[PDB]
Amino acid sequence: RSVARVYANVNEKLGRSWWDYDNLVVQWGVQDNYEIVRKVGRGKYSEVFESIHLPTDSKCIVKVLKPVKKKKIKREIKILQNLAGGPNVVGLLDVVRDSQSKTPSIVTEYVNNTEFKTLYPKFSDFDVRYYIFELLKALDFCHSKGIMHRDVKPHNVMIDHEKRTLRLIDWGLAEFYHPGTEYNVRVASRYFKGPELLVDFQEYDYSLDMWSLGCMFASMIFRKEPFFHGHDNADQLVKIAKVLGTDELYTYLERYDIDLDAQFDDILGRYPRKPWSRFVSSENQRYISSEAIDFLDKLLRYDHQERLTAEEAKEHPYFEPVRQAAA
């Protein structure tokens, strides 16, 4: 009941060799070439440690996957393998596992990150333009290769501000895009979930990541994290409606023939479109420009087919200072 505007054809054109991650044979590395040092992060499905690849004595990242459906492990590995050498995608170094328990780990390149709540407010307007544009290179790449990231949130973007370098990480929710496939809507982080997830519209595509990038981008330029701050997946849709308005929400549901949950209507009610200008203040004015708002406004749409493609987004006037500086 939806197909993507772009890249709908990719997985058909690349082999079954490219998306059939169920039939992947995993060449496990050697567990004991890696020694864990320092625990640096935590997810619901993973341990992340700073570690050493002992033979090279190299700092790397080991991510210990909570034993979970083997199918899912097979998917993340094949995706990482596929995307290899792509711009600003985290480098996959190894896959290992325990001899006895068979608990797998992914070994990835280390990135000297700064936590975003500290790093983002140190940003200039050029900085935001530059790093979003480098994030747009990763989304455009992986989308061009039939893959939706599906967890694009600042926690999964690692920025080394001294090297001026960027990596997208946590491809644990990523999928291959197949035209017409119904996908699980329980993806993303509540704050970065697109409306299509919140109304249980299952036939979504790469445009999910663009909404997500929009929320992240609104955090940065408006200095509100999160920009939409829902207490649960129901309230999340309400916080979105208080900004984009409900008039546009009902034309969107009507256009895609979504019927809402019955008790959604005790809580939603009627909201006029709050304009983007009403979010400007003295403390966030540094990031604000007529180009930024226009760009943000073409990511944050109810209808996933009115959103920019990562490629169209790269052409936007907002990124002209970074394109120019490139040369």
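Heads up: residue numbers just count along the shown sequence, starting at 1.
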Discussion item. Does the comparison with other PDB entries of this protein show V68 lacking coordinates in a third or more of them, where both adjacent residues are built?
Written reply: yes
Worksheet item: Looking only at CA atoms, which has the higher mean B factor in the entry: 79 to 87 or 95 to 103?
Response: 95 to 103
Response to the item:
Of 20 to 28 and 6 to 14, the stretch with the higher mean C-alpha B-factor in the deposited entry is 20 to 28
Worksheet item: Between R167, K74, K137, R223, where does the Cα B-factor run highest in the record?
Response: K74
Item to complete: Using the entry's values, work out which of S212, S219, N233, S124 has the largest Cα B factor.
Response: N233
Worksheet item: Should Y271 be placed in the lowest, middle or highest third of its chain by the C-alpha B factor in the entry?
Response: middle
Response to the item:
Of the three thirds of the chain ranked by Cα temperature factor, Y287 occupies the middle
Fill in: Cα B factor band for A262 (lowest, middle or highest third within the chain)
highest
Worksheet entry | Cα B factor band for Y45 (lowest, middle or highest third within the chain) | highest
Discussion item. Could you place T114 in the lowest, middle or highest third of its chain by Cα temperature factor, using the values in the record?
Written reply: highest
